Each structure stands twice: as structure tokens, then as C-alpha cells.
Amino acid sequence: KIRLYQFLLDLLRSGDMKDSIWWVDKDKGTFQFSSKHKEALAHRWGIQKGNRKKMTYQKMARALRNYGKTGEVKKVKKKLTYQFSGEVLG
DNA sequence: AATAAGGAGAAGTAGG
DNA sequence: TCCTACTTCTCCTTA
Ligand code: NA
């Protein structure tokens, strides 16, 4: 089953939800969620996973923060902005 | 107040 | 047994 960071990277590569998520600096692997349209993307994650409850941006962000230590995704000090590791991108 | 992003400890679920 | 990789719930902080 797909991991959250890979779901996000795949969306960014396919362009299927361009109004919910986008690259900020492609070279650096930084990306940003839409304030008004991120919930539709969260919903899609939960459905893809088959989770019992409806997924929310808050629960998705709780999972994203757990990558901070291992480094796949790190929060950037800009609104709604995160960064993939070079390993994840490579 | 209302809204929103950011945060995390604790406990539950999935699939090894 | 006991960890993975989240999910869900609840409450706190800052803007
Ligand atoms: Na929010």
C-alpha cells in the first residue's frame, strides 16, 4: 500500500490536483498546499487508503509531521509548505 | 469572537 | 511478540 509521501509526490508529478497542491521550488523539492482546496486532496488520500473515517488535512498533517525525524518530508517555515528529501526525489 | 495553521501525546488499526 | 505506518482523538499555542 502506498505511503503518504509517495501519494503526494505522485500527485505533483501527474498534475491531477493542481488546484490543491503545487511545487514552489522544483529544484529544491518544496511544495505547498492550497488553503481553500487542500481538503479535497485529504479526502482523496483517505479514500485511496480505504480508511474508516473521512480524512482531513489535520489528520494528514499529523502523519506528515512523523516524517520529520526520518526526513522524507520536512515542514518549511512558510504557510502550508513542506519539502521532500533528495532521497525521496531521486 | 471566529478562523486557521501548526503542534503532539496517547491510544487504535493495518499488515506484516 | 512486537514493529510499521499511519489514523483517530483530544487538547494546546500562535497569529
Ligand atoms: Na487548518
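The sequence lines fix the lettering, A, B, ..., with proteins before strands; numbering per chain opens at 1.
- Using a 4.0 Å heavy-atom criterion, one finds that A:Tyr67 contacts the sugar-phosphate atoms exclusively.
- Here B:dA4 presents its P atom at 17 Å from CZ of A:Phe33, a figure rounded to the nearest Å.
- Between A:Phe7 and A:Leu41, some side-chain heavy-atom pair lies under the 4.5 Å cut-off.
- At C:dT7, one or more side-chain N or O atoms of A:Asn51 fall inside 4.0 Å of OP1 or OP2 (strictly under the cut-off).
- Proximity of A:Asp10 to A:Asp16: side-chain heavy atoms (C-beta onward) are nowhere separated by under 4.5 Å.
- Considering only side-chain N and O atoms, A:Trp45 lies nowhere under 4.0 angstrom from the phosphate OP1 or OP2 of C:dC6.
- The cationic group of A:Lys38 does not satisfy the cation-pi geometry with A:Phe33, failing either the under 6.0 Å distance to the six-membered ring centre or the 45° limit from the ring axis.
- When base pairs are accepted only as Watson-Crick or G-U wobble with both N-N or N-O distances under 3.5 Å, DNA chain C takes part in stems of 3 or more pairs at B:3-13 with C:5-15.
- Nucleotide C:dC6 holds its P atom 12 Å from the CD atom of A:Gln48, rounded to whole Å.
- More than 12 heavy-atom neighbours from other residues, nucleotides or ligands sit within 6.0 angstrom of CG on A:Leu89.
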Pair A:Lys54-A:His43, side-chain contact (heavy atoms from CB on, under 4.5 Å): steps then yes or no: CA-CA 6 Å; A:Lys54 180 181 73 78; A:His43 292 341; 3.4 Å; yes
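- We find that CZ of A:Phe7 is positioned 10 Å from P of C:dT7, with the value rounded to whole Å.
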Run the side-chain donor-acceptor check on residues 78-88 of chain A: report pairs under 3.5 Å with partners two or more places apart or on a different chain.
unit_1: A:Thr81; atom_1: OG1; unit_2: A:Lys79; atom_2: O; d: 2.8
unit_1: A:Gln83; atom_1: NE2; unit_2: A:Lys28; atom_2: O; d: 2.8
unit_1: A:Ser85; atom_1: OG; unit_2: A:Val88; atom_2: N; d: 3.0

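- Heavy atoms of A:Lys59 sit under 4.0 angstrom from at least one base atom.
- Residues A:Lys49 and A:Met55 have side chains not in contact (no heavy-atom distance under 4.5 Å, counting atoms from C-beta outward).
- Considering all non-hydrogen atoms of both residues, A:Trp23 and A:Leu12 come closest at N-CD2, 3.6 Å.
- A straight line from NE2 of A:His43 to P of C:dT8 spans 13 Å, rounded to a whole angstrom.
- To the nearest 0.5 Å, atom CH2 of residue A:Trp45 and atom CG of residue A:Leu8 are 8.0 Å apart.
- Contact annotation: A:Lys53 does not reach the phosphate of C:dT7 (side-chain N/O to OP1 or OP2, under 4.0 Å).
- Taking atom CG of A:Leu4 as the reference point, atom P of C:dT4 lies 17 Å away to the nearest angstrom.
- When rounded to the nearest whole Å, the span between CG of A:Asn66 and P of C:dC6 equals 9 Å.
- A:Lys54 has its NZ atom 14 Å from the P atom of C:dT7, to the nearest Å.
- One atom, CD of A:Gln6, and another, P of C:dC6, lie 11 Å apart when rounded to the nearest Å.
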Protein proximity profile, nucleotides 5-12 of chain B - base contact B, sugar-phosphate-only contact S, no contact -, cut-off 4.0 Å on heavy atoms: SSBBBB--
